[PDB]
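# Structural description and commentary
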Amino acid sequence: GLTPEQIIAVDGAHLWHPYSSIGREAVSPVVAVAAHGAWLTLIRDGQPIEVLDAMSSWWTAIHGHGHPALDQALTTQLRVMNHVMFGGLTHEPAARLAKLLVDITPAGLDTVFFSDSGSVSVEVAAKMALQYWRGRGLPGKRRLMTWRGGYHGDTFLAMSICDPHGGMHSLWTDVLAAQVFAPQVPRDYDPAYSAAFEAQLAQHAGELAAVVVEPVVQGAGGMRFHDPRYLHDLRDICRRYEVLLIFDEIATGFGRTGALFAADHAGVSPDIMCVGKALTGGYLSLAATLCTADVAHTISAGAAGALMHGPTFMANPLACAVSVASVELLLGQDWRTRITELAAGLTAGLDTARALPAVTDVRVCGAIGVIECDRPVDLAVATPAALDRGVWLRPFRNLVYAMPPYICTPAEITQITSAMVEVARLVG
Amino acid sequence: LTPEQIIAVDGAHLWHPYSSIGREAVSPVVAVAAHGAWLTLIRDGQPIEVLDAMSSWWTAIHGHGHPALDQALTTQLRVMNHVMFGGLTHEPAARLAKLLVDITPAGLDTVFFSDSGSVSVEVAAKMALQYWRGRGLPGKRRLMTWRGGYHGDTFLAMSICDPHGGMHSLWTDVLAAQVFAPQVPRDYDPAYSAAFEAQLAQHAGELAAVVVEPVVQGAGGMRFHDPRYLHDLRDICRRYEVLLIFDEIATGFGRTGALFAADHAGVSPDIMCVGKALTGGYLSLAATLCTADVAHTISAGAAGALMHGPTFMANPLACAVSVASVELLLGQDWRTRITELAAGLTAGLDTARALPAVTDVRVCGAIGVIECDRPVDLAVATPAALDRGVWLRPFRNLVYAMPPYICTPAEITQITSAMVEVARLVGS
C-alpha cells in the first residue's frame, strides 16, 4: 500500500502519462482514490474531495462508476471463468455480447471481431478493408481516405488517418503511411462539400480501400459536429465508386449523440464499424470491429482464407460480461429521453457562455457540450477553478467541454455547466 | 444460453483468431468454467474437465480463479473501477510501476501502460523513434531484427514479424520495410554475431533499434537460442549507437526459468515490453519500460512528450490484479517451482524422441516442445488431447505446452502424456 504522498513520489519518478513528459510536466497529476456514480474522490492539498466526472473518464463511464448492476455482472463472471483463449474455444459472454451488438448496430453488420482497444479495432477495420480488396483481386486498393479534423487512435496505422495537425504529423515525416485527406467537414450541410469530396475520391478510387470517418461528432481531434446528411453522401459516393465505408463509433456509440449510434442520425450503414470506450461502461478496455456478411465472406474466400489478426486476450470473458450488462442496462431504460434531458440541461447551462469575450462558439449534441475559445485554455488556471466548483474538467487546445455520465441529475449538470462557464470566463 | 445456442451464435456472428467466417474445419469447443489449472468444456453435450496446458496462451501462470487474484480484483472494484490517466494518478498504477521497475533488468526506470502486447510494441518503437528525433537524427527510423520472430498483429508490429514463414507474410507489400538478420541458431556460434554486426554496421545510420524476443522465440516457432547472443546484441548496439528493445511479452514473469529471459544473459535493454502473464491472465494489460536516458531525451526533444495515450491507459482494475499476480509470484520460491516444472516436462517428453515423426524435443523452464516432421492437423490433435483430459493447441509442426505454475507433478505428467500421444498420432 501507498499514501497519496508516496503515490505522487512513485508517479513523478516512474510513470508516463498520456501525451506527457517524464519530469517536466507543468502540472503534476492529482491522486484519485475512489470513484462512485458520477463522482470522483480526488486528493487536493491532502484532503479527499468529491468532484463530478464531467468527462465520463473520456466518454467511457456512461452509467457512472461502480454501478451495482455492472459490478455484479463482473463479480458473477469472475466466479465462473475469468478468461480462456479464443483460439478453438468459445463462451457465453462473447456469444451474448456479439448477439447484442449485431442486433443494435446499423442494419447489415453481422460479424464481430473483438479486440482490446480502440486503436487495435481501427487497425482490424483497415485490415478487413485491405484484405477485402485482395479477395476481389484488386490489391492496389490499399490507401485510406478521410476528412480533416479526425482522430482514430495512436498506433502507427491509426495515426496515418489522424488529422495532420492534431496528430503532429510534422514529427513523423517519412514514417507514416501517406493517406488521402479531404478538407475539414463543415458544420452546416453544403452539397458543394460533398461534390468536392466525390471528385477527390474519384481521382483516387483505384488506390482506395476505404473511407474512414467519425460520424456526426469528431471527438479528440476538436469536438466538432457536422450535419448527418454528409454521411448519407459518403455512403452514396462509396457505393458508386466501389470504396468501402468505415464508421469509427468508438466515441459516438451507445447513445451519446442522441441516437443509439451516430450513423442512425443519417439512416445509413457502413461496411465496417468500430466500437469501444462506453462498450464496457468504462470498467475495462474492450473494443469490437463489425462488418457485413459481404465483407466477411469476401475475405474468407480470398487466397488468404483468414483474417490474420488475433490478440492474446481476444473476447476476454470478464470484459464481455460487464459489456453485456452495460448494454442491456442502457437498452432497458428510456435512454433516448435521458439524453434529450441531458442535452437540454447542457444547452441551458452553457447559454450564458455565448456572451463571454473569449468565446467563439457554444455547441451541444446529445450528452456533449462544448465551449470553443479564441486562445488555448491554461490548465493551471482552469483546473483549480473547476475543482473549487467540485468538477473534474480536462480542457485541451481552445476547448472547454464535457460528456457527462448519463445518470447525472439536473443539479449535477447545472454544477458541471457552471464550472465550464467560469473556466471560459477566466480565459478572457 | 445453452451450449448449442452459443455454438449457433458463434458460427453466425463471431470472428475467431486468424480464422475465416463460415469455412473453419473445426468448430470451437464451448468453455463454461475455469478453475485452477482446469477448464470445463462441453463435449458431445457433456461437461469435461481438461488441463489448460497452454495457460490460455501463456497468461494463466497462477491458474484460473486464484483466490488472491480474485480478491484483489473485487477489492479494487469496490473502490474505483477506472479513471482517466490524464491529469490523475492512482495507487494501482503506482504500486505496479514500482514493482516493475524493481524486478526488471537494471536501468529500466519508467513505465508506459497500454492495453495489449501489440500496442506495447508500437509504444516501444515510438519511444525509439522519438528518442533519435530528440537527438536530431530522424533518419534513424528503421528497425532491425532476426528471422523467426513475432511481435503482434498491428501494422508496425507486423513489420518485424518473420517475413517469409511468418503469419504476416502476405502483407509485406504494405508494411514498413525493416532489416532482417538470418534466423538465430540454437547453439552459440561467434560467426553469427559477427555477421549480425556486419549487417547492422551498414544500416546503423538508418536504424533506431534492434528488436528481439530474448532466449525464446514464441509464436514464430518455439525456438530457443543461447543467451550469449543477447550479450553480443547489447555490445553491438552500444558500439553502433542503436537502441536495444527486448519483447518479453511471452518470456516474462518466470516462464523461461529466470524472472525475465534477459536475466539469463545479465543484459539490460534500453526498452522492454511485458504483457500476457502480467495480469495473471485475468485482463488485458501491457507495459513498455525504458531507461531514464531514453525518457529524458524524449522529454527534452522538440516534441516535449511521448505522443501516445490510449483511452484506458493504466486501468485500475487491470493494474490491481497485476499487482497481486506479481506479488504472488515474488512471494513464493518461483525459481524452484519452475525448475521442478522443467524437470517434469523433460522427463515426460523424453519418450517422444523415439517416435518416427518427431524431429526434436526441447524444454526451457516451463516450456515444453515436441517438434514434428509435418504440420500437425488440429482435427486429429484436438480430440486426441481432449480424450486424454488436456486442452492442447498445436500450431505449425509443433506440439507444445506452457503450463500454469501451479500444476502438480501428476498434472504435468498428464499433460506430457497427451502431448506424446498427439505426436504418436501425427506419425500414424
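For this entry, the PDB record names X-ray crystallography as the structure determination method and reports a resolution of 1.8000 Å.

### Some points on the interface of chain A and chain B
If you look at the interface, chain A gives 109 residues, while chain B gives 109 residues. Class assignment for the residues of the side of chain A that touches chain B results in 60 nonpolar, 32 polar and 17 charged. Pairing of strand β1 (residues 30–36) of chain A with strand β4 (residues 88–89) of chain B involves 2 bridges; the strand directions are parallel. Its bridge partner being in β4 of chain B, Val31 of chain A is matched across the sheet by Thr89 of chain B.

### Considerations on the domain arrangement of chain A
All names here are of chain A. Segmentation of chain A into domains returns domain 1 (1–66 + 334–428) and domain 2 (67–333). Here domain 1 and domain 2 have C-alpha centroids that lie 27 Å from each other. Taken residue by residue, the interface counts 30 residues in domain 1 and 34 residues in domain 2. When domain 1 packs against domain 2, the two sides together hide about 2,600 Å² of surface, and 63% of this comes from carbon and sulfur. Broken down residue by residue, the surface that domain 1 buries against domain 2 is led by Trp59, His63 and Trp335, which jointly contribute 31%. Applying the counting rule to domain 1 against domain 2 returns 0 salt bridges. Here domain 1 is connected to domain 2 by 15 residue pairs in polar contact. Those elements that provide at least two residues to the side of domain 1 that touches domain 2 are α2 (56–59), α12 (335–350), β14 (359–364) and β17 (399–402).

### Considering the sheet that holds strand β2 (residues 38–43) of chain B
Sheet architecture is open: 5 strands sit in the order β4(A)-β1(B)-β2(B)-β3(B)-β16(B), paired in mixed fashion. At either margin of the open sheet sits one strand with a lone partner, and together these are β4 (89–90) of chain A together with β16 (390–391) of chain B. Summarising the sheet, strand β3 (residues 46–52) of chain B and β16 of chain B pair through 2 bridges and their orientation is parallel. The partner of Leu51 of chain B across the bridge, within β16 of chain B, is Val390 of chain B.

### What to know about the UniProt feature "binding site: pyridoxal 5'-phosphate" in chain B
All names here are of chain B. The UniProt entry lists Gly117, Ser118, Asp247, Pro310 and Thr311 under the feature "binding site: pyridoxal 5'-phosphate", expressed in the numbering used here. In three dimensions, the annotated residues from a span of 195 residues occupy distinct locations, with a maximal C-alpha spread of 23.1 Å. With respect to the secondary-structure elements, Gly117 resides in helix α5 (residues 117–134). In contact with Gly117, not counting residues within four places along its chain, are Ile249 and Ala286. Take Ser118: it is sitting in helix α5. Exposure remark for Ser118: the relative accessible area of 16% places this residue in the buried category. Apart from residues lying up to four places away in sequence, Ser118 is in contact with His151, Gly152, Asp153 and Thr154.

### Some thoughts on the pairing of strand β13 (residues 286–291) of chain B
For a regular strand, the rule is simple: side chains alternate between the two faces of the sheet. Residues and elements named next belong to chain B. Counting buried residues in β13 gives 6 out of 6 residues, a clear majority hidden from the surface. Covered by surrounding structure in β13 are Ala286, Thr288 and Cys290 together with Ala287, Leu289 and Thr291, the residues of both alternating faces. As paired strands, strand β5 (residues 108–114) and β13 are joined by 6 bridges and run antiparallel to one another. Directly across from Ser114, in β13, lies its bridge partner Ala286. Judged from the 4 bridges that link them, strand β12 (residues 271–274) and β13 form a sheet pairing that is antiparallel.

### A word on helix α4 (residues 91–103) of chain B
Here α4 of chain B is 13 residues long and its end C-alpha atoms lie 18 Å apart, about the 18 Å a rise of 1.5 Å per residue gives. Looking only at α4 of chain B, the buried set comprises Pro92, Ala93, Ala94, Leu96, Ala97, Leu99, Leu100, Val101 and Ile103 of chain B. Taken together, the buried residues of α4 of chain B touch α1 (4–14) of chain A together with α3 (67–79), β5, β13 and α10 (316–330) of chain B.

How each quantity is defined
- Residues numbered from 1 in each chain as written, not as in the entry; some residues may be left out.
- Chains lettered and ligands numbered in written order.
- Heavy atoms only, no water.
- Residues with missing side-chain atoms left out of burial classes, pairs and counts.
- Contact = heavy atoms within 4.5 Å.
- Nonpolar A, V, L, I, M, F, W, Y, C, P; charged D, E, K, R; others polar.
- Pairing = 2+ DSSP bridges.
- Helix = DSSP H or I, 4+ residues; strand = E, 2+ residues; numbered from the N terminus.
- Domains from an automatic or database assignment.
- Buried area = accessible area lost by both parts, 1.4 Å probe.
- Salt bridge = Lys/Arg side-chain N within 4 Å of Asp/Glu carboxyl O.
- Polar contact = N/O pair within 3.5 Å; in protein donor to acceptor, adjacent residues only side chain to side chain.
- UniProt positions renumbered as here; feature names shortened; annotations may be inferred.
- Buried < 20%, exposed > 50% of the residue type's maximum accessible area, 1.4 Å probe, protein only.
- Expected span 1.5 Å × (residues − 1).

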